[PDB]
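Structure first, then comments.
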Amino acid sequence: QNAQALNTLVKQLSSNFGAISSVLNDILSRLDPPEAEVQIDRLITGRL
Amino acid sequence: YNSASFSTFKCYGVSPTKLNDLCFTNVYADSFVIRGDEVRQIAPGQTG
Amino acid sequence: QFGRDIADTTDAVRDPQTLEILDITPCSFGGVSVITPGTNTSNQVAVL
Ligand SMILES: *[C@@H]1O[C@H](CO)[C@@H](O)[C@H](O)[C@H]1NC(C)=O
């Protein structure tokens, strides 16, 4: 149980939640900050 | 991106400043001629 | 072009211009901790 629990955590790092890509560096290095704001909002809510 | 003699230059999904540092798989240039400001009519997901 | 593992973890890469297999390892981290007797006894301190 314990192991399986945190395994799902790790798999949660590859889910979009609605952004344009699950990896943060892509959003940081492809969008101007006023829209990176929106994308990072979505990702942060999901992971929280 | 700084030769602003064009009429409309709008990038979707990419911020113009951060274009100098990305290795794309491929690009497609699609060209045509249309009268009036039908640039607004041709919008992703929009109608017209 | 490149390899990975369980999560979105680029665990290797094939390098352009040399065609070699480079492993990627995370840079070290880990939370510090401070061990101290009471300030009313001494201000000495050790760090783990
Ligand atoms: C870059 O140049 C070197 C020799 O100058 C060569 O070994 C290498 O293949 C070249 N890169 C590519 C993608 O061909």
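Letters for chains follow the order of the structure tokens (A, B, ...), residue numbers begin at 1 for each chain, and ligand numbers begin at 1 in the order shown.
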Residues of chain A within 8 Å of chain C, counting only C-alpha atoms, as number ranges by chain: A: 10-11, 13-14, 23
Just to be explicit: take each residue in the selection above, keep N, CA and C atoms, and write the result as a compact mmCIF listing (two decimals), in the first residue's frame.
```
# COMPACT_ATOMS: atom_id res chain seq x y z
N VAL A 10 3.96 9.87 -8.41
CA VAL A 10 4.91 10.09 -9.49
C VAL A 10 4.19 10.11 -10.82
N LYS A 11 3.23 9.20 -11.02
CA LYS A 11 2.50 9.19 -12.28
C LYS A 11 1.69 10.45 -12.47
N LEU A 13 2.77 13.34 -12.25
CA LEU A 13 3.59 14.40 -12.82
C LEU A 13 3.60 14.38 -14.34
N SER A 14 2.89 13.46 -14.97
CA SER A 14 2.81 13.38 -16.42
C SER A 14 1.36 13.51 -16.89
N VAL A 23 5.12 19.01 -19.00
CA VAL A 23 6.47 19.35 -18.56
C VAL A 23 6.58 20.86 -18.43
```
Please give me, as a list in words, the residues lying within 10 Å of ligand 1 when counting only C-alpha atoms and all ligand atoms. residues 15, 16, 17, 18 and 19 of chain C
Specify as number ranges by chain all residues of chain A found within 7 Å of chain B, counting only C-alpha atoms. A: 29-32
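Taking only C-alpha atoms into account, residue A:45 lies nearest to A:19 out of the set A:19, A:28, A:3, A:9.
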Could you name the residues that touch residue A:42 at 10 Å or less, counting only C-alpha atoms, but leaving out those on the same chain fewer than 5 positions away, as a short mmCIF file (atom, residue, chain, number, x, y, z; two decimals) with N, CA, C and O atoms, in the first residue's frame?
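Once everything was written out, this is out_0.cif:
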```
data_model
loop_
_atom_site.label_atom_id
_atom_site.label_comp_id
_atom_site.auth_asym_id
_atom_site.auth_seq_id
_atom_site.Cartn_x
_atom_site.Cartn_y
_atom_site.Cartn_z
N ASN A 16 -1.78 16.44 -17.95
CA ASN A 16 -1.86 17.81 -18.44
C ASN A 16 -2.67 18.70 -17.52
O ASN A 16 -2.31 19.86 -17.30
N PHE A 17 -3.79 18.20 -17.00
CA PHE A 17 -4.76 18.98 -16.23
C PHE A 17 -5.36 20.12 -17.04
O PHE A 17 -6.13 20.91 -16.50
N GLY A 18 -5.02 20.22 -18.31
CA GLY A 18 -5.57 21.25 -19.18
C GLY A 18 -4.54 22.17 -19.81
O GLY A 18 -4.91 22.93 -20.72
N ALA A 19 -3.29 22.14 -19.39
CA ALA A 19 -2.26 22.98 -19.97
C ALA A 19 -1.90 22.44 -21.35
O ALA A 19 -2.53 21.52 -21.88
N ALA A 36 1.97 32.09 -19.67
CA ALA A 36 2.56 31.13 -18.76
C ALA A 36 1.91 31.22 -17.39
O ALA A 36 1.82 30.21 -16.68
N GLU A 37 1.43 32.41 -17.03
CA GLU A 37 0.64 32.54 -15.80
C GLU A 37 -0.53 31.57 -15.80
O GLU A 37 -0.72 30.81 -14.84
N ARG A 47 -1.55 19.61 -9.21
CA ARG A 47 -0.61 18.92 -8.34
C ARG A 47 -0.92 19.17 -6.87
O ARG A 47 -0.71 18.27 -6.04
#
```
Would you list the contacts of residue C:13 as a ChimeraX atom specification, taking every protein, DNA or RNA residue within 10 Å and counting only C-alpha atoms, but skipping same-chain residues closer than 2 positions in sequence? /C:1-4,10-11,15-16,19-24
Helix (DSSP H, G or I) positions in chain B, given as an mmCIF file with C-alpha atoms, in the first residue's frame:
```cif
data_model
loop_
_atom_site.group_PDB
_atom_site.id
_atom_site.type_symbol
_atom_site.label_atom_id
_atom_site.label_comp_id
_atom_site.auth_asym_id
_atom_site.auth_seq_id
_atom_site.Cartn_x
_atom_site.Cartn_y
_atom_site.Cartn_z
ATOM 1 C CA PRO B 16 7.544 35.560 -30.973
ATOM 2 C CA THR B 17 10.586 36.454 -28.858
ATOM 3 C CA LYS B 18 11.398 32.840 -27.929
ATOM 4 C CA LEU B 19 11.473 31.572 -31.540
#
```
In chain C, what's strand (DSSP E) per DSSP? Answer as a ChimeraX atom specification? /C:12-14,21-23,34-35,46-47
Write out the residues from the selection above, keeping N, CA and C atoms, as a PDB file, in the first residue's frame.
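Final output, saved to out06.pdb:
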```pdb
ATOM      1  N   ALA C  12      18.515   9.328 -20.323  1.00  0.00           N
ATOM      2  CA  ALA C  12      19.690   9.282 -21.178  1.00  0.00           C
ATOM      3  C   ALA C  12      19.471  10.245 -22.329  1.00  0.00           C
ATOM      4  N   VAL C  13      20.444  10.301 -23.234  1.00  0.00           N
ATOM      5  CA  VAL C  13      20.271  11.059 -24.466  1.00  0.00           C
ATOM      6  C   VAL C  13      21.351  10.642 -25.451  1.00  0.00           C
ATOM      7  N   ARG C  14      21.038  10.755 -26.738  1.00  0.00           N
ATOM      8  CA  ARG C  14      22.001  10.582 -27.814  1.00  0.00           C
ATOM      9  C   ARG C  14      22.404  11.965 -28.302  1.00  0.00           C
ATOM     10  N   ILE C  21      26.036   8.067 -26.005  1.00  0.00           N
ATOM     11  CA  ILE C  21      24.949   7.842 -25.064  1.00  0.00           C
ATOM     12  C   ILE C  21      25.352   8.476 -23.741  1.00  0.00           C
ATOM     13  N   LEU C  22      24.690   9.570 -23.379  1.00  0.00           N
ATOM     14  CA  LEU C  22      24.990  10.310 -22.164  1.00  0.00           C
ATOM     15  C   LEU C  22      23.915  10.019 -21.131  1.00  0.00           C
ATOM     16  N   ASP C  23      24.332   9.549 -19.960  1.00  0.00           N
ATOM     17  CA  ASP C  23      23.433   9.410 -18.828  1.00  0.00           C
ATOM     18  C   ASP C  23      23.218  10.764 -18.172  1.00  0.00           C
ATOM     19  N   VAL C  34      19.090  21.288  11.855  1.00  0.00           N
ATOM     20  CA  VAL C  34      19.923  21.991  12.819  1.00  0.00           C
ATOM     21  C   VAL C  34      19.696  21.377  14.186  1.00  0.00           C
ATOM     22  N   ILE C  35      20.766  20.930  14.826  1.00  0.00           N
ATOM     23  CA  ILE C  35      20.696  20.313  16.141  1.00  0.00           C
ATOM     24  C   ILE C  35      21.333  21.249  17.154  1.00  0.00           C
ATOM     25  N   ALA C  46      25.135  22.273  15.715  1.00  0.00           N
ATOM     26  CA  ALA C  46      25.674  21.394  14.690  1.00  0.00           C
ATOM     27  C   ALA C  46      24.648  21.246  13.582  1.00  0.00           C
ATOM     28  N   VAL C  47      25.110  20.956  12.373  1.00  0.00           N
ATOM     29  CA  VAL C  47      24.231  20.924  11.210  1.00  0.00           C
ATOM     30  C   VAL C  47      24.334  19.563  10.547  1.00  0.00           C
TER      31      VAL C  47
END
```
